[PDB]
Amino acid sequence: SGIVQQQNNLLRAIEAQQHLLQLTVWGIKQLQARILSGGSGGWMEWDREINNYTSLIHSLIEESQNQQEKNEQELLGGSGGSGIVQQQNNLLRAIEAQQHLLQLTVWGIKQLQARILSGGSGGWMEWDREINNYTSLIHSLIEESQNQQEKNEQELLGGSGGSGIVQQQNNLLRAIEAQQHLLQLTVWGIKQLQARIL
C-alpha cells in the first residue's frame, strides 16, 4: 500500500511490541519480588534502565508519529524522499531502543531462572540458544539498517535512492519480526518461572 502506509504499519508494530514488552516487565517485577531481596546484583540499575529506555522509546514513538502525519500530509507534493528517509531513521532508532529493553528483560529472566531452576531442563537449553541466535540476528539487522540508512541519506542528494528505500523497509521489517520472536521467547521464560515459583 505504498511506503508511507507500510511505515505506518511498522510504527504500529513497534508500538504494539512496546505494550507487549511492558507486560513482560510487569511479569518480571512480580517474579523479582518473590525471588530477590532488594536491588543488589544489578537490580537497582535494571529498574533504572528499564525506566530510562521506556521513556526514550515513548519519545521516539511520539517523534515517529509526528513525522508520520507530516509524511501523510505531503503525499500529493510528491517531493518527500527525505521525509520517508527521516522516518526510516526514526523507526530504526525505536527498534534499537526496543532492543536495549529486550536485552534487559532477557538478563532479568536469566538472573531469576538461575536462582530457581537448573539451566538444563524444561526447554531452557533451547531457550538459551534461541535467545543468543535472535540477539545476533537482530544486531546484524540493526547494523545493516544503520549502513543502509547512511547510504540512503547519500543517494537522496544525487540521482535517486528508491531501491535503497525499499531495501531499508525490508531491513526494518525483518528486525521487527526477529524482535517478535525474542519477545515470544521472553514470554515463555516468564511463564515457566511463574509456574515454578508463584
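Throughout, rigid core stands for the largest set of C-alpha atoms superposing within 1.5 Å between the two forms. Don't overthink the numbering: it's just position in the shown sequence, from 1.
Q: Looking at C-alpha RMS in 5 other deposited structures of this protein with the core superposed, is it 42 to 50 or 149 to 157 that drifts more?
A: With the rigid core fitted, 149 to 157 is the stretch that strays more in 5 other deposited structures of this protein.
Q: When the other entries of this protein are compared, is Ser79 unmodelled in at least a third of them?
A: Yes, a third or more of the compared structures omit it.
Q: Regarding 39 to 47 and 145 to 153, which shows the higher C-alpha temperature factor on average in the entry?
A: Looking at the recorded C-alpha B-factors, 39 to 47 comes out higher on average.
Q: Could you settle it for me: does 163 to 171 or 135 to 143 have the higher average Cα B factor in the PDB entry?
A: Averaged over C-alpha atoms, the B-factors run higher in 163 to 171.
Q: Quick one: which of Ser82, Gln113, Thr105, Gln99 shows the highest Cα temperature factor in the PDB entry?
A: Answer for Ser82, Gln113, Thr105, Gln99: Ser82, with the highest C-alpha B-factor.
Q: Thinking about Cα B factors across the chain, which third does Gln6 belong to?
A: CA B-factor rank for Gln6: middle third.
Q: Relative to the other modelled residues in the chain, which third contains the C-alpha temperature factor of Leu75: lowest, middle or highest?
A: For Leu75, whose C-alpha B-factor we compare with every modelled residue in the chain, the answer is the highest third.
Q: Name the third of the chain's ranked CA B-factors that contains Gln65, choosing lowest, middle or highest.
A: Tercile = middle for this residue's CA B-factor.
Q: Using the temperature factors of the C-alpha atoms in this entry, rank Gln86 within its chain: lowest, middle or highest third.
A: Middle third by C-alpha B-factor.
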